[PDB]
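Those protein sequences? They're chains C, X, S, U and Z, same order as listed. This note's numbering puts the last residue of the first sequence at 224; the count rises by one with no breaks. This note's numbering puts the last residue of the second sequence at 521; the count rises by one with no breaks. This note's numbering puts the last residue of the third sequence at 521; the count rises by one with no breaks. This note's numbering puts the last residue of the fourth sequence at 52; the count rises by one with no breaks. This note's numbering puts the last residue of the fifth sequence at 42; the count rises by one with no breaks. For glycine and all other residues, C-beta sits at the position ideal for the given N, C-alpha and C.
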Amino acid sequence: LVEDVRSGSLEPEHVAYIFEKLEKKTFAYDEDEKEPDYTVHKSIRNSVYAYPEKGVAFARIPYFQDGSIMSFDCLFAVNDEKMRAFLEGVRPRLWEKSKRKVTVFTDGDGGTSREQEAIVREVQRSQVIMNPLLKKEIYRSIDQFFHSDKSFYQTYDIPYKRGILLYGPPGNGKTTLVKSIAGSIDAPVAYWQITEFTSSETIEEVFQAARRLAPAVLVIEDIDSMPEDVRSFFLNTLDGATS
Amino acid sequence: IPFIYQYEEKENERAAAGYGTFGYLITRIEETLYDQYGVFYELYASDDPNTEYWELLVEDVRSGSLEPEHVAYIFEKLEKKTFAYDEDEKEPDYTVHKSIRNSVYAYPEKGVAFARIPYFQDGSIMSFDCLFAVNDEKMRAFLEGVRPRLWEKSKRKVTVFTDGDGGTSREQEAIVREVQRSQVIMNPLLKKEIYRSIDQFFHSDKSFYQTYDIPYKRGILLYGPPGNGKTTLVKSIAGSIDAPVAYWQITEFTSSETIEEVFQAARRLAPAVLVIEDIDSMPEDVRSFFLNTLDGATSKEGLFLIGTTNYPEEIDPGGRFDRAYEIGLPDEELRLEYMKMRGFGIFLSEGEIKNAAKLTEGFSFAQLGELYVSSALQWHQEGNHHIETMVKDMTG
Amino acid sequence: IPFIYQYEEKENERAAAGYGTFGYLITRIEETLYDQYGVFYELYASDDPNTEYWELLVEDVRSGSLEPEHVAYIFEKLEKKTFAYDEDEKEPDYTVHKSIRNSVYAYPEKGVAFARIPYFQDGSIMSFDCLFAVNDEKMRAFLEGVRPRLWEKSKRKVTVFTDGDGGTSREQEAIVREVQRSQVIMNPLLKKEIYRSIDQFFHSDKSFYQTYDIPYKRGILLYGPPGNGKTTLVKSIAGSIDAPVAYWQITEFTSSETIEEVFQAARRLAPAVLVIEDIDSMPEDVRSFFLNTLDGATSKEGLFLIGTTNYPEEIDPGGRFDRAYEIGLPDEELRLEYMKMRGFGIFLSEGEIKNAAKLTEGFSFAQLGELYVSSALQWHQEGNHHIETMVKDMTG
Amino acid sequence: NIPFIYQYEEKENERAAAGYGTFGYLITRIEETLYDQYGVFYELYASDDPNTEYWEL
Amino acid sequence: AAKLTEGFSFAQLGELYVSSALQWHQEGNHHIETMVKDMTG
Ligand SMILES: Nc1ncnc2c1ncn2[C@@H]1O[C@H](COP(=O)(O)OP(=O)(O)O)[C@@H](O)[C@H]1O
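Shown next as structure tokens:
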């Protein structure tokens, strides 16, 4: 909803303000986010929004408690049918949005942290200098996986999953090849940043998150740096193929 | 003798905070249930800490079951509807139904009724969970019925416990693969021996254990070289048992605290299969305590334990499990069973599968699976399967 | 269908807690700004979490800048004055000025205004930070102006990040030593090569990076034997750059969490120099992640990195920095530059310094400094400098 | 002209700021007391001073 | 330059580029051959 309002999308309409003397506008600008968004739009807090086509409406109702300003997130629908269809439409909406952002999971102390970024230098496939046959075979497995439709994985009861590993002397195009794939496929790309805080709890969160994004590419740079006490669990998580 | 405080107060100030709203709602809930069922319900729990039968209530309403009836809404302008959809669950549930919070439900035949009374405190919306019954006997019969209902519900699911830093986390899973006993590819003599215990434990009359005076617990260990498909075999056996199945994932966070938690939770589903995924990953400092929860002086009954290890001696020196069975890699007979099952006959005549079983000596089930994908892909891509060519390519 | 709760209430009880005071103050702040500026300010943030432009407001008032005007006090009997003095800061600021809390300020030309509304809760005095603007376009232009103002302010400072157990701690420092490029004592060919990149990055038009399509980041490493003055050299180069300078102190508390924090903070000052004091002290478990924040797939631009190490191989096997330059100990030419600069000519004729540069082969800059104090002390104490005597005393 | 959900018009009493009535009275009385004893005017420079050193002095 | 850089990684060719472009932009020369040595050094 916030992104729809922020982007000037047509489909949510502003219906009313709740309190006359609380905020009527807001801005995206968060000094804690790496990318600064300076868009100014109508407030989310203290407003009512509706998706008339969908029969769903949002009200973020402010109230005063312990000094600070808080809000209830109230959700309204016209009937049960329209509410269910709205909810069933969230995963596909988020899938489309994620095709055009890059999702990064970074393992921190508590658990993993998810940020959506845009890539700083797009790398076109044509700028990836490589043995043309090696290059065509890598790009072809990726392109065939998402876009040739999978009569194969269905007729033979084989899990719809693939993994390739890039290795070699440093400075010769592993990261470059990976960056080139983000741009050039019609599916989300996610990066998993392994850290010293990578744990079995953290591997569980990334794969539950990644799989909600499926079909997608999950990139794991420097997979050698995965801690020893979670390698077993990680293998068991890959074999959790049903999901 | 003197009293420092000598203020005497008007009786309007003897009023008890919060009681005026609460007693008014309890009175109304009782009146409304009487109006609808002609009996008198009594409060048995003011803010019930028990979660089990409250989660049965929610599943009963969610699933459109007839047994709990919506009686009343509490507040006119709070929610009358709700949905199961939580974004933090693996499997999303988009069912829309009447709200639980802000509602009164009754199991009329059972004579017990539930009310989630909303209230505002600290600018979040909370609830008192209130439980009513028509009398003590019905209250007790309801409580005694809870674990049996939980047991049937969990037959239809697999419960996975994963040890984390706070404790173990319980996730339920739908059984999307039904496994019949004929699909358990395994040495047929140990298949026979192990199912002797399994069938007594889960699929027969339980009088046997009383007749021969035998403890109602068992624990077996499956060991052997890596790659012989042990974990896939245990999940096959577990899926053929008509009883709730639980998996316990040892992690780096496994402590004596997560052990007690998981065993207590599995035991609530007794009789149940508890599968111990790779008992090797268990920290050495809890191994002594772990075996003492199997066979120590205060150990309990109700569980059929099945573990898997590649290093049998590291876990249980000697035996504190009941039996340990070695899983080797499959002989020609088992190989053929696998290839017929796995789907090789899609693109292989009967002779070609008999032949391929012959040529795959020393293959693990895993490698027979990696062979399956390869011959299948060539068959799909080209219309040719070169089994003969690909066994050799896999050897060297 | 029934409702349990049937109390219907007087409309005086639909009143929203806290809103009566708050809406009254917002109305008055808007009225007072209108009374003074003839325009209508609107609330854009009720309790603004952003700190950056609030700290510019405080520095603007502290520094007697003309740009923000004091409009009104909120409460008559709360503070009208305040002072910068906090006893927990390294450098004390004793400036006395009008209060921030309990005041309304406006940038009239910018069309945005600030109010810190005091309030009592839990027996401490807190505030709502409230932000107003005349329209969306001015609000946005104000926000877009923040980072540029922060950038100029930080040119005049050195920002030090020290990793601690909670996270990294940011302290600002006044630049008390201005360093010109002629005081950077260094091998003149690498001085020339390195400043080639530095001057393109900070002191030229940035179109170069677009023309040749080159990523707007650089990272260099300075290595060599201990005692060759590496850290003193980097601080010399850093102080000659017209851009905010940040120092990052690796400690035993350095984690992948403090790394991301510091890089994000340095990047907010982009373009900026980030000096990495002794990258050797970095824990091995974060080294892999550290280099991935330099050159991984999601690495960002805007920073000129300068590190120092005595063990180059331990950090970056191979190169994920861009260039590594070796700092040896100074030849006779560099020695002479140092001795003229350090102040030897105070008590040395021109020949004696030329001679002393000759006799100090194999001296580190540090040792030339330890020589400086000794000859200076004798010269001050006695009126004699026995350079000749003291080089030998230092050799053996 | 966008409607407002909340249309309750507030009494003049609801605008009172919690705890300010006591605090302002005390501050004013302290000011008057300091004036009555020294004939100079004192004002607040800190409502709840976080600094301890000169308080410990 | 392609034969003078036998054994170079792409990343080192990229540093050769940045260094050459800098010298070209700032001085009108490129010194491609001196730089190849400077980097093997
Ligand atoms: N195959 C390549 N094609 C184009 N540029 C490359 C290639 N390999 C390396 N580079 C350049 O060198 C830099 C580092 O390469 P990278 O892809 O990170 O190598 P790796 O990840 O294999 O160590 C890249 O940012 C790119 O500028």
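So which residues of chain C does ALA12(Z) contact, with C-beta pairs closer than 8 angstroms?
What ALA12(Z) touches in chain C: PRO151, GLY152 and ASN153.
Would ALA397(S) pass as a contact of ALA363(S) if the rule is Cβ separation under 7 angstroms?
It is not a contact, given that the beta carbons lie outside the stated cut-off.
Count the other C-beta atoms from every protein chain shown that fall within 10 angstroms of the C-beta of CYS255(X), then say buried if there are 16 or more, exposed otherwise.
That one is buried.
Distance cutoff 7 angstroms, beta carbons only. Does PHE333(S) sit that close to anything in chain Z?
So yes, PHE333(S) belongs to the interface.
If you measure from the CB of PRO313(S), is any heavy atom of ligand 1 nearer than 6 angstroms?
Checking the Cβ of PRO313(S) against ligand 1 gives no.
Within the same chain, show all residues whose beta-carbon is closer than 6 angstroms to that of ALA240(X), passing over the 5 residues directly before and after it, in chain order.
Excluding positions up to five away in sequence, the list reads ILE154, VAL229 and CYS255.
Does DSSP classify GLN246(S) as helix, strand or coil?
Looking at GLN246(S) - three-state DSSP - the assignment turns out to be strand.
Rounded to whole angstroms, what is the Cα-Cα separation between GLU184(X) and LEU(-18)(C)?
Each residue's Cα considered, the two are about 30 angstroms apart.
Measuring from each Cβ to the nearest heavy atom of ligand 1, keep the ones under 6 angstroms and list them in chain order.
Residues flagged by the Cβ proximity filter: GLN108(C), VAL109(C), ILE110(C), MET111(C), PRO151(C), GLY152(C), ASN153(C), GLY154(C), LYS155(C), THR156(C), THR157(C), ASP420(S), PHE11(Z), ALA12(Z) and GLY15(Z).
Under the rule that 16 or more other beta-carbon atoms within 10 Å means buried, what is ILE145(C), buried or exposed?
So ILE145(C) counts as exposed.
For the putative contact between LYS355(X) and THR433(X), defined by C-beta atoms under 8 angstroms, what is the C-beta separation to the nearest angstrom?
Correct: roughly 4 angstroms between the Cβ atoms.
Determine, using beta carbons only, whether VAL19(Z) and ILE339(S) come nearer to each other than 7 angstroms.
Going by C-beta atoms, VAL19(Z) is nearer than 7 angstroms to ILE339(S).
Tell me the rounded alpha-carbon separation between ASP211(X) and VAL283(X).
Each residue's Cα considered, the two are about 20 angstroms apart.
List the residues that DSSP assigns as beta-bridge partners of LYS23(C).
DSSP lists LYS6(C) as partners of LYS23(C).
So the candidates are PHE215(C), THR157(C), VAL85(C) and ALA(-3)(C); which of them puts its Cα closest to the Cα of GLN105(C)?
Comparing Cα-Cα distances from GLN105(C) to each of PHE215(C), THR157(C), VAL85(C) and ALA(-3)(C), the minimum goes to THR157(C).
According to DSSP, what are the bridge partners of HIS(-5)(C)?
Beta-bridge pairing links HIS(-5)(C) to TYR30(C).
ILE126(X): buried (16+ other C-beta within 10 angstroms of its C-beta) or exposed?
Its Cβ having fewer than 16 others within 10 Å, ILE126(X) is exposed.
Exposed or buried, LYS4(Z), counting other C-beta atoms within 10 Å across all chains shown (16 or more means buried)?
Its Cβ having fewer than 16 others within 10 Å, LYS4(Z) is exposed.
What does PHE178(C) touch in chain S if you count any residue whose Cβ is under 8 angstroms from its own?
Neighbours of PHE178(C) on chain S, chain order: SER380, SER381 and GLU382.
Taking all protein chains shown into account, do 16 or more other C-beta atoms lie within 10 angstroms of the C-beta of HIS510(S), making it buried, or fewer, making it exposed?
Buried, because 16 or more other Cβ atoms sit within 10 Å of the Cβ of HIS510(S).
Do you know offhand how far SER129(C)'s Cα is from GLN506(X)'s?
If I take the Cα positions, the gap works out to 13 angstroms.
List the endpoints of the continuous alpha helix (DSSP H) containing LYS282(S).
Per DSSP, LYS282(S) belongs to no alpha helix (DSSP H); it is in the beta strand (DSSP E), 282 to 288.
Name the chain Z residues whose beta carbon is nearer than 7 angstroms to that of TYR337(S)?
Chain Z residues near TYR337(S): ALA22.
What's the gap between the Cα of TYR337(X) and the Cα of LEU275(X)?
Whole-angstrom Cα-Cα distance: 29 angstroms.
Around the Cβ of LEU461(S), are there at least 16 other Cβ atoms within 10 angstroms (buried) or fewer (exposed)?
Counting Cβ neighbours within 10 Å, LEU461(S) comes out buried, since at least 16 surround it.
Any beta-carbon of chain C closer than 7 angstroms to the one on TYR30(U)?
Answer no: the Cβ-Cβ gap between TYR30(U) and chain C never drops below 7 angstroms.
Drop a sphere of 10 angstroms on the beta-carbon of residue 127(U), count the other beta-carbons inside from all chains shown, and report buried for 16 or more, exposed for fewer.
Summary: the structure shown does not reach residue 127(U), with chain U confined to residues -4 through 52, and so no result is reported for it.
Quick one: is residue 114(S) near chain X, going by C-beta distance under 7 angstroms?
Nothing about residue 114(S) can be read from this structure; chain S reaches only from 126 to 521.
The region 64 to 78 of chain C: which residues have C-beta closer than 7 angstroms to a C-beta of chain X, in chain order?
Per Cβ criterion, the list reads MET64, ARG65, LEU68 and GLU69.
Hey, out of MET251(S), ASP456(S), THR418(S) and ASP160(S), whose CA is closest to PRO45(U)'s CA?
Looking at the Cα atoms, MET251(S) is the closest of the given residues.
Taking Cβ-Cβ distances below 9 angstroms as the criterion, which residues of the region 183 to 200 of chain C are in contact with chain X?
Within the region 183 to 200 of chain C, the residues whose Cβ lies closer than 9 angstroms to some Cβ of chain X are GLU185, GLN189, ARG192 and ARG193, listed in chain order.
Determine the burial state of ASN353(X): buried for a count of at least 16 other Cβ atoms within 10 Å of its Cβ, exposed for fewer.
Classification for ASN353(X): buried.
Is it true that the CB of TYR166(X) sits closer than 7 angstroms to the CB of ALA238(X)?
Cβ distance < 7 angstroms, so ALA238(X) and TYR166(X) count as in contact.
Going along chain X in order, which residues have a C-beta closer than 7 angstroms to the C-beta of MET51(C)?
Those are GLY248, listed as they occur along chain X.
Against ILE110(C), what residues of chain Z qualify as contacts under a CB-to-CB distance less than 8 angstroms, listed in chain order?
Here the neighbours are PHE11.
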